[PDB]
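Structure first, then comments.
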Amino acid sequence: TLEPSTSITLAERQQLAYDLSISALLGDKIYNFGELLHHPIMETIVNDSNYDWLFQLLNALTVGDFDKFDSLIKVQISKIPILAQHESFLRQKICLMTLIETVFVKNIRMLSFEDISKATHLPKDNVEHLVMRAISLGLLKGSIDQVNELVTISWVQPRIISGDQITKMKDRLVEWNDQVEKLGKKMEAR
Amino acid sequence: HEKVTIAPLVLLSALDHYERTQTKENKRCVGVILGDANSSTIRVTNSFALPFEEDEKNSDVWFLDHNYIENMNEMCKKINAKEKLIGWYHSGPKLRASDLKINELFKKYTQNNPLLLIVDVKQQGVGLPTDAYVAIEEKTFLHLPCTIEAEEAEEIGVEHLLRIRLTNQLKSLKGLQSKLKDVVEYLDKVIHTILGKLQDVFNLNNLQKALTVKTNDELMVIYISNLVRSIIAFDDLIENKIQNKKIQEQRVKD
Amino acid sequence: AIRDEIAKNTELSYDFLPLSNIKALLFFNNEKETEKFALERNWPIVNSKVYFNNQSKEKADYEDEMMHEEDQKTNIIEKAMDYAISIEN
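Chains as they are written, first to last, in the entry's author numbering: chain O, 198 to 387; chain U, 5 to 141, 151 to 176, 188 to 215, 223 to 235, 259 to 308; chain T, 184 to 272.
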C-alpha cells in the first residue's frame with residue numbers, strides 16, 4: 198500500500214520493515230521461504246543487528262541449521278522459542294519444498310517417507326510427527342502408508358525458478374499439436 | 005462475473021463506423037455500446053459511434069464529447085428503455101493508456117464499471133475480432158469472455174450469409201504458439224512471477263496411468279451399435295427397394 | 184541350430200538357470216562352451232547360473248508409430264467411419 202507513495206524516514210522505513218521482518222518470524226508462517234525480501238526492505242533492513250539474524254534467518258529460511266542460529270539466539274528471538282519448532286517446521290518444509298519442487302520431477306509426488314523424510318535430516322520419529330503432520334503442518338496433502346513407510350502426498354506446495362521447463366513446455370504441447378494435424382487433416386473438413 | 009452477450013449489429017456497425025470514419029490504425033473508432041449490464045451475463049443490445057479524436061503522438065491528447073451520449077441516450081431511451089448504458093466500444097485492435105481516461109469517463113455514465121470493447125477492424129485473428137475490458141484496479154482491467162446470441166432476426170439475415189469436430193482441435197497450437205515465445209519474449213524482453228504461477232500447472259502430460267487404459271473399457275461398449283448403427287441400413291432399403299423394384303419392374307403389365 | 188531355439192526356449196522357460204542345466208540342456212561337455220553362447224546370446228550370468236534379466240528385446244527401435252495406434256487409427260477409423268458416415272453422401 199505504501200508501495201506507490203508516502204515518502205517516509207528510514208527509522209520509519211527499516212524499523213517497521215524490521216518489525217515486519219520481525220513479524221516474518223512472529224509470522225512463520227505458511228512459509229516463506231522467499232518474499233518481499235526481494236522488495237527494498239533489504240538494505241534498508243539488512244545491514245545488521247537483528248537484521249543480521251533477520252538476514253541470517255532468511256539464511257535459516259534456506260539453510261535451516263539450528264545452531265547456525267540457535268547459536269545466534271539472544272532474548273528477542275528466544276523470546277519466542279517456538280521458532281525452534283518453526284525451524285523444524287522450516288527445515289522439513291524448507292527441505293520439502295525443493296524436495297517437492299524438483300527431486301521427482303517426473304510427475305512429482307511420492308517422497309515416502311522415512312529416509313526421504315530423514316533426508317530432511319530431521320529424524321524419523323519426528324517424521325512420525327512433522328512429516329506425519331501435513332495440514333497438521335498447516336500445509337501438506339496426501340497420506341501415510343505406515344507399513345511401507347510411504348508418504349502419500351498431493352499438492353499444497355507452491356514454488357519458483359526459470360529457464361528450464363520453459364523450452365520443454367511448447368515441445369510436447371506442439372508435439373501432439375503438429376502430430377495431431379495428421380489426424381487433424383480432413384475430419385470435419387471432409 | 006458479468007461476462008457478456010455480443011451483438012453482431014454492434015460489431016458490423018462499429019466496423020462501418022471504422023469504415024465510415026475512415027479510421028486507420030493511427031486511430032481507433034470509438035463509441036457507446038448498449039445493453040443492460042446487471043446480470044452475471046451482461047447483454048449488449050446496441051452501440052453507437054462517439055465522434056472522437058485520438059492522438060498517440062501525445063497519448064493523453066485525444067478528443068471526445070459526452071454530449072452525444074447526452075443527446076444519444078435520450079433518444080435511445082425514448083427509442084428503448086432497455087438501452088441503458090452498459091459501457092462503450094472502440095476500434096482497437098489493442099489498448100492505449102488513453103483508454104483509462106476514456107474508461108472512467110463512462111464510469112460517470114454507467115451503473116457498474118463500464119465496459120471497454122476492442123474490435124479488430126481487420127477481423128484478423130480468431131474467434132472474436134474482439135475484446136471487451138472492464139477496469140478493475151495498481152489498476153486492473155479485465156476481459157471476461159463473451160459471445161453472440163440470437164439475435165435470430167439477425168441470424169436470419171445472417172442465414173442469408175455463409176452459404188462436427190475438427191476445428192475443436194485446430195487451436196491446438198495457438199496459445200502454445202505464443203506461450204513459450206511469450207516466455208522467451210519476457211525472458212528476452214527483460215533480457223514476472225505470474226509466469227512461474229503459470230508453471231506449476233504445467234505438471235498438471260506424461261501423467262498417463264493404467265487409469266488411461268480404462269478409456270477403451272468405455273470405448274468398448276461405445277462401439278456396440280456400430281453394426282446396429284448401420285444394421286438397419288444392413289436390413290431394409292434394397293430389400294424393399296428390390297421388392298419395390300420387383301413391384302415396379304414386374305409392374306410392366308401392358 | 185537346434186540349441187539356439189532351446190536357448191530361447193530356456194530363455195522363455197527360465198530367467199535364472201544353473202550353468203549345469205543349460206549345459207545339460209545344450210548337451211555340452213564344457214560349460215564355457217555354453218558360456219560363450221550365453222554371452223554370445225548376451226545372457227546375464229553369475230557364477231554357475233545363466234540368468235535372464237531381460238528374456239527379450241523389448242523396445243528396440245522399429246515396430247513403432249503403429250499400435251500404439253489407439254485413437255489415431257481409430258480416429259481415422261472414426262474419421263473413416265465418419266466418412267463411411269460422410270462419404271455415405
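By construction, the Cβ of each residue, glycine as well, lies at the ideal position given by its N, Cα and C atoms.
| Boundaries of the beta strand (DSSP E) in which U/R47 is found, first to last residue | For the purposes of this step, residue 47 of chain U is taken as the residue at position 43 of the second sequence. Unbroken beta strand (DSSP E) run through U/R47: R47 to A53.
| Whole-angstrom C-beta distance between U/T45 and U/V8, which should lie under 8 angstroms | For the purposes of this step, residue 8 of chain U is taken as the residue at position 4 of the second sequence. For the purposes of this step, residue 45 of chain U is taken as the residue at position 41 of the second sequence. At roughly 7 angstroms, the Cβ-Cβ gap stays under 8 angstroms, so U/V8 and U/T45 are in contact.
| Hey, out of O/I219, O/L308 and O/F230, whose CA is closest to O/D249's CA? | As a working mapping, residue 249 of chain O is identified with position 52 in the first sequence. Nearest Cα to O/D249 within the set O/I219, O/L308 and O/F230: O/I219.
| request: Just the chain U side, please: which residues come within less than 8 angstroms of O/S359 by C-beta, in chain order? | output: By one-based count along the first sequence, residue 359 of chain O stands at place 162. Correct list: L211, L226 and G227.
| query | Under three-state DSSP, which class holds O/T349? | reply | Taking the first sequence and counting its residues from 1, one reaches residue 349 of chain O at position 152. Reduced to three states, the DSSP call for O/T349 is coil.
| query | Between the region 268–280 of chain O and chain U, which residues of the former have a C-beta closer than 7 angstroms to a C-beta of the latter? | reply | Sequence-ordered contacts of the region 268–280 of chain O with chain U are nonexistent [C-beta pairs closer than 7 angstroms].
| task | Using a Cβ-Cβ cut-off of less than 9 angstroms, list which residues of the region 371–385 of chain O approach chain U; keep chain order. | result | Residues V371, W373, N374, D375, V377, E378, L380, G381, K382, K383, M384 and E385.
| task | Using beta-carbon positions only, say whether U/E167 and U/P55 come within less than 8 angstroms of one another. | result | Locating residue 167 of chain U in the second sequence gives position 154, counting from the first residue. Locating residue 55 of chain U in the second sequence gives position 51, counting from the first residue. In this structure, U/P55 does not lie closer than 8 angstroms to U/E167 by Cβ.
| request: Check whether the region 190–207 of chain T touches the region 221–236 of chain T, counting contact only when three or more Cβ pairs, one atom from each stretch, lie closer than 8 angstroms. | output: Verdict: yes, contact present.
| query | Any idea if O/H283 is buried or exposed, counting beta-carbon neighbours within 10 angstroms, 16 or more meaning buried? | reply | By one-based count along the first sequence, residue 283 of chain O stands at place 86. Result: buried.
| What number of angstroms, rounded off, separates the C-alpha of U/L155 from the C-alpha of U/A136? | Here residue 155 of chain U corresponds to residue number 142 of the second sequence, with the count starting at 1. Here residue 136 of chain U corresponds to residue number 132 of the second sequence, with the count starting at 1. Rounded to the nearest angstrom, the two C-alpha atoms are 8 angstroms apart.
| query | What does U/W66 pair with, by DSSP beta-bridge criteria? | reply | Start at 1 with the first residue of the second sequence, and residue 66 of chain U comes out as number 62. In the DSSP output, where bridge partners are listed per residue, U/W66 has U/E58.
| query | If you run the structure through DSSP and keep just helix, strand and coil, what is U/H156? | reply | If you number the second sequence from 1, residue 156 of chain U lands on position 143. It is a strand residue.
| task | Rank O/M307, O/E200, O/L207 and O/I291 by C-alpha distance to the C-alpha of O/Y228 and give the top, closest one. | result | Locating residue 228 of chain O in the first sequence gives position 31, counting from the first residue. In this structure, O/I291 is the residue among O/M307, O/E200, O/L207 and O/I291 with its C-alpha nearest to the C-alpha of O/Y228.
| Nearest candidate by alpha-carbon position, reference U/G96, set U/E58, U/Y72 and U/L190 | Translated into the one-based positions of the second sequence, residue 96 of chain U becomes position 92. Nearest of U/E58, U/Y72 and U/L190 to U/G96, Cα basis: U/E58.
| Does the ligand ZN have a heavy atom nearer than 7 angstroms to the CB of U/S279? | For the structure depicted, the ligand ZN is absent and the ligand set is empty, with no information on it obtainable.
| request: Give the interface partners of O/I297 over in chain U, defined as CB-CB distance under 7 angstroms, in chain order. | output: The residue you call residue 297 of chain O lines up with position 100 of the first sequence. Those within 7 angstroms of O/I297 in chain U number zero; the least Cβ separation is about 10 angstroms.
| request: Look at the alpha carbon of U/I90 and the alpha carbon of U/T153, and state the distance between them as a whole number of angstroms. | output: Position 86 of the second sequence, counted from the first residue, corresponds to residue 90 of chain U. Position 140 of the second sequence, counted from the first residue, corresponds to residue 153 of chain U. Each residue's alpha carbon lies about 18 angstroms from the other.
| request: Flag U/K203 as yes if its beta-carbon sits less than 8 angstroms from any beta-carbon of chain O, otherwise no. | output: Residue mapping note: residue 203 of chain U aligns to position 179 of the second sequence, counting from 1. Residue contact with chain O for U/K203: present (Cβ-Cβ distance below 8 angstroms to some residue of chain O).
| query | Can you tell me whether O/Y215 is buried or exposed, with buried defined as 16 or more other CB within 10 angstroms of its CB? | reply | Walking along the first sequence from the start, residue 215 of chain O turns up at place 18. Its Cβ being crowded by 16 or more others within 10 Å, O/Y215 is buried.
| field | U/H173 burial status per 10 Å Cβ neighbour count (16 or more: buried) | value | Translated into positions along the second sequence, residue 173 of chain U becomes position 160. Label assigned to U/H173: exposed.
| query | So with Cβ pairs under 8 angstroms, would you call U/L38 a contact of chain O? | reply | Within the second sequence, residue 38 of chain U is the residue found at index 34, counting from 1. Chain O contact via Cβ: absent.
| task | Would you mind listing the alpha helix (DSSP H) stretches within the region 222–305 of chain O that are 4+ residues and don't spill past its ends, in chain order? | result | Runs of the alpha helix (DSSP H) inside the region 222–305 of chain O: 239–242, 247–257, 272–276 and 280–298.
| Which chain T residues sit within Cβ distance under 9 angstroms of O/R387? | Along the first sequence, read from residue 1 onward, the residue named residue 387 of chain O stands at position 190. The answer, in chain order, is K262, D265, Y266, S269 and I270.
| request: List the residues of chain U whose Cβ lies closer than 8 angstroms to the Cβ of O/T364, in chain order. | output: By 1-based counting over the first sequence, the position of residue 364 of chain O is 167. Within chain U, the residues placing a beta-carbon under 8 angstroms from that of O/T364 are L204, ordered along the chain.
| said: Could you check whether the Cβ of U/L200 sits closer than 8 angstroms to any Cβ belonging to chain O? | reply: Here residue 200 of chain U corresponds to residue number 176 of the second sequence, with the count starting at 1. At least one CB of chain O lies nearer than 8 angstroms to the CB of U/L200.
| Applying the criterion that 16 or more other CB atoms from any shown protein chain within 10 Å of the CB defines a buried residue, is U/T114 buried or exposed? | Within the second sequence, residue 114 of chain U is the residue found at index 110, counting from 1. U/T114 should be labelled buried.
| field | For U/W92, the first and last residue of its enclosing beta strand (DSSP E) | value | Taking the first residue of the second sequence as position 1, residue 92 of chain U is located at position 88. It spans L89 to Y93 - the beta strand (DSSP E) in which U/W92 sits, taken as one unbroken run.
| field | contact_flag[the region 32–42 of chain U, the region 108–124 of chain U] where n(CB pairs < 8 angstroms) is 3 or more | value | The region 32–42 of chain U, when compared against the region 108–124 of chain U, does touch it at the 8 angstroms Cβ threshold.
| field | Under 8 angstroms between C-beta atoms of T/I205 and T/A221 | value | Counting from 1 along the third sequence, the entry for residue 205 of chain T is found at position 22. Counting from 1 along the third sequence, the entry for residue 221 of chain T is found at position 38. A contact, by the Cβ cut-off of 8 angstroms.
| query | With DSSP run on the structure shown, which of helix, strand or coil describes U/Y72? | reply | The count along the second sequence starts at 1 and reaches residue 72 of chain U at position 68. DSSP places U/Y72 in the helix class (H, G or I) of the three-state scheme.
| query | Does the region 256–269 of chain T touch the region 374–385 of chain O, meaning 3 or more C-beta pairs lie closer than 8 angstroms? | reply | The answer is yes - the region 256–269 of chain T touches the region 374–385 of chain O, with three or more Cβ pairs under 8 angstroms.
| So, is the C-beta of U/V130 closer than 8 angstroms to a C-beta in chain O? | The sequence position of residue 130 of chain U within the second sequence is 126, counting from 1. No, because no Cβ of chain O sits closer than 8 angstroms to the Cβ of U/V130.
| Nearest-angstrom Cα distance between O/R306 and O/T349? | Residue 306 of chain O sits at position 109 when you count from the first residue of the first sequence. Residue 349 of chain O sits at position 152 when you count from the first residue of the first sequence. The alpha-carbon separation between O/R306 and O/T349 amounts to approximately 8 angstroms.
| query | Using a C-beta to C-beta distance shorter than 9 angstroms, which residues of chain U count as neighbours of O/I305? | reply | As a first step, residue 305 of chain O is located in the first sequence; it is residue number 108 there, counting from the start. Correct list: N234.
| query | Are there 16 or more other CB atoms within 10 angstroms of the CB of U/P118, so buried, or fewer, so exposed? | reply | On the second sequence, residue 118 of chain U is found 114 positions in, with the first residue counted as 1. Classification of U/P118: buried, given that the 10 Å Cβ count is 16 or more.
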